[PDB]
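Source file: model.cif (mmCIF, C-alpha atoms)
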data_query
loop_
_atom_site.group_PDB
_atom_site.id
_atom_site.type_symbol
_atom_site.label_atom_id
_atom_site.label_comp_id
_atom_site.auth_asym_id
_atom_site.auth_seq_id
_atom_site.Cartn_x
_atom_site.Cartn_y
_atom_site.Cartn_z
ATOM 1 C CA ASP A 1 -84.077 -104.008 115.624
ATOM 2 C CA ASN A 2 -86.487 -106.038 117.752
ATOM 3 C CA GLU A 3 -85.407 -109.597 116.926
ATOM 4 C CA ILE A 4 -82.076 -109.411 115.077
ATOM 5 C CA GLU A 5 -79.977 -106.443 113.944
ATOM 6 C CA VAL A 6 -76.734 -106.208 111.977
ATOM 7 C CA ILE A 7 -75.346 -102.970 110.532
ATOM 8 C CA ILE A 8 -72.665 -103.188 107.863
ATOM 9 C CA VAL A 9 -71.038 -100.122 106.354
ATOM 10 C CA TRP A 10 -67.396 -99.903 105.317
ATOM 11 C CA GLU A 11 -65.297 -97.002 104.097
ATOM 12 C CA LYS A 12 -62.585 -96.975 101.407
ATOM 13 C CA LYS A 13 -59.133 -95.520 102.042
ATOM 14 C CA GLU B 1 -73.293 -104.214 122.356
ATOM 15 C CA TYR B 2 -71.787 -103.971 118.870
ATOM 16 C CA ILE B 3 -68.406 -105.463 117.997
ATOM 17 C CA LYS B 4 -66.092 -104.562 115.114
ATOM 18 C CA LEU B 5 -65.692 -107.557 112.811
ATOM 19 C CA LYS B 6 -63.178 -106.937 110.035
ATOM 20 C CA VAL B 7 -64.278 -109.165 107.167
ATOM 21 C CA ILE B 8 -61.369 -109.159 104.728
ATOM 22 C CA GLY B 9 -61.831 -111.015 101.464
ATOM 23 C CA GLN B 10 -59.204 -112.361 99.084
ATOM 24 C CA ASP B 11 -59.210 -109.557 96.524
ATOM 25 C CA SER B 12 -58.856 -106.403 98.636
ATOM 26 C CA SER B 13 -62.607 -106.438 99.320
ATOM 27 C CA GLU B 14 -62.911 -105.214 102.907
ATOM 28 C CA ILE B 15 -66.139 -104.436 104.773
ATOM 29 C CA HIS B 16 -66.829 -103.174 108.313
ATOM 30 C CA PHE B 17 -69.375 -105.214 110.273
ATOM 31 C CA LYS B 18 -71.303 -104.286 113.421
ATOM 32 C CA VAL B 19 -72.932 -107.301 115.082
ATOM 33 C CA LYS B 20 -74.674 -107.620 118.452
ATOM 34 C CA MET B 21 -73.398 -110.148 121.004
ATOM 35 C CA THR B 22 -76.945 -111.508 121.306
ATOM 36 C CA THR B 23 -77.521 -112.171 117.599
ATOM 37 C CA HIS B 24 -76.158 -115.287 115.877
ATOM 38 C CA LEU B 25 -73.375 -115.259 113.283
ATOM 39 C CA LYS B 26 -75.759 -116.838 110.776
ATOM 40 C CA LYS B 27 -77.228 -113.407 110.047
ATOM 41 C CA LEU B 28 -73.702 -112.004 109.711
ATOM 42 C CA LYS B 29 -73.006 -114.641 107.062
ATOM 43 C CA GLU B 30 -76.219 -113.672 105.245
ATOM 44 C CA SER B 31 -75.302 -109.970 105.239
ATOM 45 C CA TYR B 32 -71.900 -110.603 103.639
ATOM 46 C CA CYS B 33 -73.322 -112.994 101.025
ATOM 47 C CA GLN B 34 -76.044 -110.574 99.853
ATOM 48 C CA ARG B 35 -73.670 -107.584 99.786
ATOM 49 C CA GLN B 36 -71.072 -109.568 97.826
ATOM 50 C CA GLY B 37 -73.130 -111.757 95.492
ATOM 51 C CA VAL B 38 -71.793 -115.161 96.538
ATOM 52 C CA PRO B 39 -73.699 -118.312 97.636
ATOM 53 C CA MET B 40 -73.714 -119.034 101.387
ATOM 54 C CA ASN B 41 -71.495 -122.060 100.704
ATOM 55 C CA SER B 42 -68.991 -120.720 98.174
ATOM 56 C CA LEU B 43 -66.981 -119.176 101.020
ATOM 57 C CA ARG B 44 -65.801 -120.122 104.524
ATOM 58 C CA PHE B 45 -65.179 -117.934 107.590
ATOM 59 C CA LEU B 46 -62.521 -118.395 110.272
ATOM 60 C CA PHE B 47 -61.527 -117.060 113.694
ATOM 61 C CA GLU B 48 -58.509 -117.712 115.933
ATOM 62 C CA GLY B 49 -57.411 -119.815 112.990
ATOM 63 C CA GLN B 50 -60.188 -122.343 113.570
ATOM 64 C CA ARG B 51 -63.383 -122.472 111.512
ATOM 65 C CA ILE B 52 -66.641 -120.783 112.515
ATOM 66 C CA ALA B 53 -69.837 -122.644 113.406
ATOM 67 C CA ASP B 54 -73.047 -121.619 111.685
ATOM 68 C CA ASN B 55 -74.742 -121.238 115.088
ATOM 69 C CA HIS B 56 -71.680 -119.632 116.668
ATOM 70 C CA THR B 57 -71.804 -116.222 118.385
ATOM 71 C CA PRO B 58 -69.339 -114.218 120.532
ATOM 72 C CA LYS B 59 -71.413 -115.905 123.230
ATOM 73 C CA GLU B 60 -69.006 -118.755 122.513
ATOM 74 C CA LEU B 61 -66.029 -116.999 120.885
ATOM 75 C CA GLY B 62 -65.732 -114.209 123.426
ATOM 76 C CA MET B 63 -64.747 -112.030 120.499
ATOM 77 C CA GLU B 64 -63.921 -108.585 121.897
ATOM 78 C CA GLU B 65 -64.093 -105.487 119.702
ATOM 79 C CA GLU B 66 -61.779 -104.823 116.749
ATOM 80 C CA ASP B 67 -61.674 -108.591 116.180
ATOM 81 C CA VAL B 68 -60.956 -110.030 112.753
ATOM 82 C CA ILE B 69 -62.477 -112.750 110.596
ATOM 83 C CA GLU B 70 -60.876 -114.375 107.569
ATOM 84 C CA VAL B 71 -62.876 -115.620 104.597
ATOM 85 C CA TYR B 72 -61.484 -118.176 102.189
ATOM 86 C CA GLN B 73 -62.882 -119.225 98.829
ATOM 87 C CA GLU B 74 -64.163 -122.768 99.286
ATOM 88 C CA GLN B 75 -62.425 -125.521 97.347
ATOM 89 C CA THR B 76 -61.790 -129.278 97.321
ATOM 90 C CA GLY B 77 -59.082 -131.622 96.061
ATOM 91 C CA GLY B 78 -59.000 -133.184 92.590
#
Entire entry expressed as structure tokens:
Amino acid sequence: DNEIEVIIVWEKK
Amino acid sequence: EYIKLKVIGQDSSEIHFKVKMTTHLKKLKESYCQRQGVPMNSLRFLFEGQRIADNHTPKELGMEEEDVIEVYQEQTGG
């Protein structure tokens, strides 16, 4: 959030 | 701010990634390795065909949104 931030969320078909 | 990085593996394992253009790709590599159970080395990531630096960042790749990244199981000759 402050320093580094990476959001990973996939979705299956 | 956030770009869409399509990390497609080699076994139908796909995952959607949201990374900031200010953060390095080293943290992106860490996120995929922990969510997949595979040593940082074991794999290899590519873009525009050419390999990806460990310190790289769209700051250098100018990766727009919807971009794509390929991951290949690491190997060597015999």
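The shell of residues at most 9 Å from range 63-78 of chain B, with all atoms listed in the file counted and near chain neighbours (fewer than 2 positions) removed, consists of residues 2, 3, 4, 5, 6, 7, 8, 9, 10, 21, 41, 42, 43, 44, 45, 46, 47, 48, 49, 57, 58, 59, 60 and 61 of chain B.
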For this session: Evaluate the PyMOL selection byres ((chain A) within 7 of (chain B)) here and jot the selected residues down as JSON, numbers by chain.
Result: {"A": [4, 6, 7, 8, 9, 10]}
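From CA of residue 13 in chain A back to CA of residue 40 in chain B, the distance works out to 27.7 Å.
Going from CA of residue 26 in chain B over to CA of residue 52 in chain B, you cover 10.1 Å.
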